[PDB]
Structures are given as structure tokens and as C-alpha cells.
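Trainee: Here you go, one structure.
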Amino acid sequence: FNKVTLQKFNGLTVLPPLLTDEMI
Amino acid sequence: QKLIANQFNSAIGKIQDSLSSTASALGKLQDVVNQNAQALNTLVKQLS
Amino acid sequence: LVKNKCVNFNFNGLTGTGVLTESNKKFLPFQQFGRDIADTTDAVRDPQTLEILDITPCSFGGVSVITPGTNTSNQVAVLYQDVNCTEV
Ligand SMILES: *[C@@H]1O[C@H](CO)[C@@H](O)[C@H](O)[C@H]1NC(C)=O
Ligand SMILES: *[C@@H]1O[C@H](CO)[C@@H](O)[C@H](O)[C@H]1NC(C)=O
């Protein structure tokens with residue numbers, strides 16, 4: 001989880017994943 | 001049994017080292033983040 | 001001018017909407033506004049006060065309802081996506 005480098009303006013969005021990471 | 005357990009225990013050790021030291025170790029996951037975010041970027045640039 | 005209420009503003013011809021907040025963004029005495037990307041005017045200095053403000057468009061999201069079916073019931077919930085529980 002440290003080795004990756006994962007913002008909305010207009011109409012864009014990011015729904016959250018259903019299975020949260022502390023469930024996964 | 002005793003030696004086999006050591007090889008296995010040792011092999012697991014090198015993993016985090018090879019993972020921590022060598023960057024670009026998660027090339028596959030990073031693209032699917034890079035591409036899918038690069039593609040969004042072009043979608044917004046097109047508003048201008 | 002007002003603040004923190006999303007208003008149909010008109011700064012010097014720049015016609016938009018959104019909430020206006022005081023800016024910490026270091027302008028220069030010859031900079032009139034900023035745009036982060038895609039012609040999104042993000043900041044602007046008012047013409048009179050010479051004060052720099054940030055413009056974030058007032059919150060919006062989808063609304064999706066949660067029904068158990070129709071034959072089962074007609075009671076529903078409603079989800080206001082990615083909105084703090086302070087708006088309607
Ligand atoms: C505009 O000029 C008048 C005349 O001096 C002054 O009374 C007024 O305060 C000025 N407006 C601003 C925003 O400074
Ligand atoms: C929502 O607003 C409250 C009050 O301003 C604040 O404490 C909180 O951090 C905000 N965000 C969320 C996700 O609750």
C-alpha cells in the first residue's frame with residue numbers, strides 16, 4: 001500500500017467501492 | 001523438515017526486500033491507475 | 001460581495017456561480033485570475049478590493065433512492081452522494 005500513488009471538477013465523480021479496504 | 005522451514009522462511013524474507021528496494025515492482029497495478037487516470041485527464045482537457 | 005453562499009457572481013465580466021472564499025494563493029500585482037486546468041477559473045481578484053478569492057462551485061451530486069421493491073412496500077430511502085450532512 002506504500003508503493004502506489006493513487007479529485008472531481010464538473011460532472012465527474014468517484015463512487016466509493018462497496019467492499020472497503022479493511023474488509024478486503 | 002527443519003531445513004525446509006528455513007528456506008521457506010528465508011524466501012519470504014527476500015520478497016519484501018525485493019518489493020521495497022526495487023521500484024517499478026508493481027508495474028501492472030500502476031498502469032491500470034495511470035491509464036485510467038490519464039484517460040480522465042484528456043476528458044477534461046477537451047472542455048477547453 | 002458576499003462569501004460562502006453560492007451566488008451567481010459577475011466579476012468584471014467573468015460570469016459564473018459558486019462560493020467565494022478568501023485566498024492564500026500568492027497572486028502577483030499583474031495577475032488577474034488563475035485556472036487550474038480545462039479553463040476552470042479557480043481564483044479571481046475582485047476589481048475594487050484587489051482581494052483574491054477562490055471559487056469552488058456549490059456542491060452537487062447524484063440522488064439515488066433505495067427501494068425494497070414495489071409489491072413489498074412504497075417506503076424508500078434516498079442517498080445524497082458525496083455530500084456532507086448539512087444541505088437539504
Ligand atoms: C470608489 O471611489 C470612491 C471615491 O473616492 C470611494 O468613495 C469608494 O470607496 C471607492 N470604492 C472602493 C471599493 O474603494
Ligand atoms: C462535514 O461538516 C462537519 C462540520 O463542518 C465537519 O466536522 C466534517 O469534517 C465535514 N465532513 C464530513 C465528512 O463529515
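In the C-alpha cells, each chain is lettered A, B, ... as it comes, each chain's residues begin at 1, and ligands are numbered from 1 in order of appearance.
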Check which residues fall inside 10 Å of ligand 2 when counting only C-alpha atoms and all ligand atoms, and print them as a PDB file with N, CA and C atoms, in the first residue's frame.

Mentor:
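The result, stored in out-v4.pdb:
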ATOM      1  N   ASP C  82     -21.825  11.799  -1.850  1.00  0.00           N
ATOM      2  CA  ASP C  82     -20.675  12.659  -1.554  1.00  0.00           C
ATOM      3  C   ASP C  82     -21.068  14.083  -1.165  1.00  0.00           C
ATOM      4  N   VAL C  83     -22.010  14.191  -0.242  1.00  0.00           N
ATOM      5  CA  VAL C  83     -22.423  15.480   0.290  1.00  0.00           C
ATOM      6  C   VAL C  83     -22.429  15.397   1.806  1.00  0.00           C
ATOM      7  N   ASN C  84     -21.851  16.401   2.451  1.00  0.00           N
ATOM      8  CA  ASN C  84     -21.864  16.456   3.903  1.00  0.00           C
ATOM      9  C   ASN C  84     -23.289  16.656   4.395  1.00  0.00           C
ATOM     10  N   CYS C  85     -23.626  16.038   5.522  1.00  0.00           N
ATOM     11  CA  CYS C  85     -24.988  16.147   6.029  1.00  0.00           C
ATOM     12  C   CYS C  85     -25.230  17.525   6.620  1.00  0.00           C
ATOM     13  N   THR C  86     -25.187  18.540   5.768  1.00  0.00           N
ATOM     14  CA  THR C  86     -25.532  19.902   6.140  1.00  0.00           C
ATOM     15  C   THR C  86     -26.449  20.573   5.141  1.00  0.00           C
TER      16      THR C  86
END

Trainee: I need the chain C residues near chain A as a ChimeraX atom specification; criterion: at most 12 Å, counting only C-alpha atoms.

Mentor: /C:36-42,55-62,80-83

Trainee: Compile the residues of chain B that lie within 10 Å of chain A, evaluated using only C-alpha atoms, and express the compilation as a count of residues only.

Mentor: 15

Trainee: Dump the neighbourhood of ligand 1 as an MDAnalysis selection string: all residues within 9 Å, distances computed on only C-alpha atoms and all ligand atoms.

Mentor: chainID C and resid 47:50

Trainee: The selected residues should be written to file as a PDB file, in the first residue's frame (atoms: N, CA, C and O atoms).

Mentor:
ATOM      1  N   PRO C  47     -12.249  43.494  -8.639  1.00  0.00           N
ATOM      2  CA  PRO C  47     -11.699  44.707  -9.242  1.00  0.00           C
ATOM      3  C   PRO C  47     -11.525  45.853  -8.268  1.00  0.00           C
ATOM      4  O   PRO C  47     -10.581  46.632  -8.423  1.00  0.00           O
ATOM      5  N   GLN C  48     -12.372  45.971  -7.251  1.00  0.00           N
ATOM      6  CA  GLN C  48     -12.317  47.092  -6.326  1.00  0.00           C
ATOM      7  C   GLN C  48     -11.411  46.821  -5.139  1.00  0.00           C
ATOM      8  O   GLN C  48     -10.449  47.553  -4.909  1.00  0.00           O
ATOM      9  N   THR C  49     -11.688  45.770  -4.383  1.00  0.00           N
ATOM     10  CA  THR C  49     -10.928  45.462  -3.187  1.00  0.00           C
ATOM     11  C   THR C  49      -9.513  44.998  -3.489  1.00  0.00           C
ATOM     12  O   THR C  49      -8.652  45.075  -2.608  1.00  0.00           O
ATOM     13  N   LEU C  50      -9.248  44.539  -4.712  1.00  0.00           N
ATOM     14  CA  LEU C  50      -7.964  43.945  -5.080  1.00  0.00           C
ATOM     15  C   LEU C  50      -7.666  42.707  -4.245  1.00  0.00           C
ATOM     16  O   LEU C  50      -6.513  42.301  -4.101  1.00  0.00           O
TER      17      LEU C  50
END

Trainee: Using only C-alpha atoms, determine which residues lie at most 7 Å from residue 7 (chain C), disregarding the query and same-chain residues fewer than 3 positions distant; provide the list as a ChimeraX atom specification.

Mentor: /C:17-19

Trainee: Those residues with C-alpha atoms, as an mmCIF file, in the first residue's frame please?

Mentor:
data_model
loop_
_atom_site.group_PDB
_atom_site.id
_atom_site.type_symbol
_atom_site.label_atom_id
_atom_site.label_comp_id
_atom_site.auth_asym_id
_atom_site.auth_seq_id
_atom_site.Cartn_x
_atom_site.Cartn_y
_atom_site.Cartn_z
ATOM 1 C CA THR C 17 -21.629 30.603 -9.899
ATOM 2 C CA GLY C 18 -20.113 29.216 -6.735
ATOM 3 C CA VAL C 19 -18.955 30.043 -3.233
#

Trainee: May I have the residues of chain B within 8 Å of chain C, counting only C-alpha atoms, written as a VMD selection string?

Mentor: chain B and resid 44 to 48

Trainee: How many Å lie between CA of residue 24 (chain C) and CA of residue 43 (chain C), rounded to one decimal?

Mentor: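 Value for the CA of residue 24 (chain C)-CA of residue 43 (chain C) distance: 10.3 Å.
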
Trainee: Please identify all polymer residues within 12 Å of residue 51 (chain C), counting only C-alpha atoms, omitting same-chain residues fewer than 4 positions from it, and present them as a ChimeraX atom specification.

Mentor: /C:1,11,20-29,31-33,43-47

Trainee: Give the strand (DSSP E or B) residues of chain C, as assigned by DSSP on the backbone, as a PyMOL selection string.

Mentor: chain C and resi 7+10-11+14-15+18-22+33-35+41-45+52-56+63-66+77-80

Trainee: Restrict the selected residues to N, CA and C atoms and save them as an mmCIF file, in the first residue's frame.

Mentor:
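Output (again11.cif):
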data_model
loop_
_atom_site.group_PDB
_atom_site.id
_atom_site.type_symbol
_atom_site.label_atom_id
_atom_site.label_comp_id
_atom_site.auth_asym_id
_atom_site.auth_seq_id
_atom_site.Cartn_x
_atom_site.Cartn_y
_atom_site.Cartn_z
ATOM 1 N N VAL C 7 -23.357 32.022 -5.243
ATOM 2 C CA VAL C 7 -24.026 33.167 -5.834
ATOM 3 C C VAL C 7 -23.726 33.193 -7.320
ATOM 4 N N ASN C 10 -20.481 37.959 -10.883
ATOM 5 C CA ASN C 10 -20.083 38.581 -12.141
ATOM 6 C C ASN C 10 -18.905 39.495 -11.830
ATOM 7 N N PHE C 11 -17.706 38.954 -11.874
ATOM 8 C CA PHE C 11 -16.507 39.720 -11.574
ATOM 9 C C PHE C 11 -15.919 40.197 -12.885
ATOM 10 N N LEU C 14 -16.537 38.074 -15.977
ATOM 11 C CA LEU C 14 -16.457 36.642 -15.727
ATOM 12 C C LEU C 14 -17.726 36.202 -15.016
ATOM 13 N N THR C 15 -18.603 35.515 -15.733
ATOM 14 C CA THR C 15 -19.941 35.214 -15.240
ATOM 15 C C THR C 15 -20.000 33.753 -14.833
ATOM 16 N N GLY C 18 -20.952 29.914 -7.684
ATOM 17 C CA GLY C 18 -20.113 29.216 -6.735
ATOM 18 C C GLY C 18 -19.972 30.006 -5.452
ATOM 19 N N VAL C 19 -19.236 29.418 -4.517
ATOM 20 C CA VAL C 19 -18.955 30.043 -3.233
ATOM 21 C C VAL C 19 -17.579 30.676 -3.316
ATOM 22 N N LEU C 20 -17.426 31.831 -2.684
ATOM 23 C CA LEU C 20 -16.189 32.588 -2.732
ATOM 24 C C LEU C 20 -15.539 32.594 -1.361
ATOM 25 N N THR C 21 -14.267 32.223 -1.318
ATOM 26 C CA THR C 21 -13.518 32.155 -0.078
ATOM 27 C C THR C 21 -12.284 33.024 -0.212
ATOM 28 N N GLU C 22 -11.818 33.560 0.908
ATOM 29 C CA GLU C 22 -10.555 34.280 0.895
ATOM 30 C C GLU C 22 -9.435 33.357 0.441
ATOM 31 N N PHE C 33 -6.368 36.422 -12.609
ATOM 32 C CA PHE C 33 -7.010 35.223 -12.103
ATOM 33 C C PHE C 33 -6.140 34.015 -12.390
ATOM 34 N N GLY C 34 -6.641 32.857 -11.974
ATOM 35 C CA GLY C 34 -5.968 31.600 -12.206
ATOM 36 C C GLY C 34 -6.948 30.548 -12.684
ATOM 37 N N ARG C 35 -6.410 29.586 -13.416
ATOM 38 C CA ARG C 35 -7.199 28.465 -13.889
ATOM 39 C C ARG C 35 -6.366 27.208 -13.750
ATOM 40 N N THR C 41 -11.736 28.548 -14.179
ATOM 41 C CA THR C 41 -11.341 29.706 -13.396
ATOM 42 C C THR C 41 -11.485 29.385 -11.921
ATOM 43 N N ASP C 42 -10.356 29.223 -11.242
ATOM 44 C CA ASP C 42 -10.359 28.803 -9.850
ATOM 45 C C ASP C 42 -10.266 29.965 -8.879
ATOM 46 N N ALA C 43 -9.505 31.002 -9.211
ATOM 47 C CA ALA C 43 -9.376 32.158 -8.344
ATOM 48 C C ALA C 43 -9.607 33.415 -9.163
ATOM 49 N N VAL C 44 -9.858 34.526 -8.473
ATOM 50 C CA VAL C 44 -10.026 35.813 -9.136
ATOM 51 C C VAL C 44 -9.824 36.930 -8.126
ATOM 52 N N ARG C 45 -9.195 38.020 -8.544
ATOM 53 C CA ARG C 45 -9.082 39.184 -7.686
ATOM 54 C C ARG C 45 -10.195 40.154 -8.034
ATOM 55 N N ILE C 52 -8.049 38.639 -3.428
ATOM 56 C CA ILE C 52 -8.047 37.417 -4.219
ATOM 57 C C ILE C 52 -8.901 36.382 -3.507
ATOM 58 N N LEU C 53 -9.743 35.691 -4.263
ATOM 59 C CA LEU C 53 -10.698 34.741 -3.717
ATOM 60 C C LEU C 53 -10.646 33.451 -4.513
ATOM 61 N N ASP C 54 -11.005 32.347 -3.873
ATOM 62 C CA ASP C 54 -11.126 31.086 -4.581
ATOM 63 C C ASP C 54 -12.585 30.792 -4.885
ATOM 64 N N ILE C 55 -12.821 30.119 -6.004
ATOM 65 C CA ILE C 55 -14.169 29.851 -6.487
ATOM 66 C C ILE C 55 -14.358 28.350 -6.585
ATOM 67 N N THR C 56 -15.096 27.780 -5.648
ATOM 68 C CA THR C 56 -15.456 26.382 -5.745
ATOM 69 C C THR C 56 -16.947 26.268 -5.985
ATOM 70 N N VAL C 63 -28.607 11.747 -6.853
ATOM 71 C CA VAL C 63 -29.547 11.309 -5.836
ATOM 72 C C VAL C 63 -30.114 9.971 -6.266
ATOM 73 N N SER C 64 -29.882 8.948 -5.464
ATOM 74 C CA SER C 64 -30.354 7.618 -5.784
ATOM 75 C C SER C 64 -31.171 7.074 -4.629
ATOM 76 N N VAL C 65 -32.297 6.463 -4.960
ATOM 77 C CA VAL C 65 -33.263 6.018 -3.973
ATOM 78 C C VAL C 65 -33.062 4.538 -3.725
ATOM 79 N N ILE C 66 -33.430 4.092 -2.534
ATOM 80 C CA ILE C 66 -33.250 2.716 -2.104
ATOM 81 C C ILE C 66 -34.613 2.138 -1.791
ATOM 82 N N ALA C 77 -35.730 5.051 0.982
ATOM 83 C CA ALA C 77 -34.720 5.971 1.465
ATOM 84 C C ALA C 77 -34.215 6.777 0.285
ATOM 85 N N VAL C 78 -33.274 7.671 0.534
ATOM 86 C CA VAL C 78 -32.681 8.481 -0.518
ATOM 87 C C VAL C 78 -31.244 8.776 -0.141
ATOM 88 N N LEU C 79 -30.338 8.620 -1.092
ATOM 89 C CA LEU C 79 -28.921 8.800 -0.847
ATOM 90 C C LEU C 79 -28.424 10.023 -1.593
ATOM 91 N N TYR C 80 -27.861 10.967 -0.860
ATOM 92 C CA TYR C 80 -27.255 12.156 -1.433
ATOM 93 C C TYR C 80 -25.757 11.923 -1.509
#

Trainee: Can you tell me, as an MDAnalysis selection string, which residues in chain B count as alpha helix (DSSP H) by DSSP?

Mentor: chainID B and resid 2:21 27:45
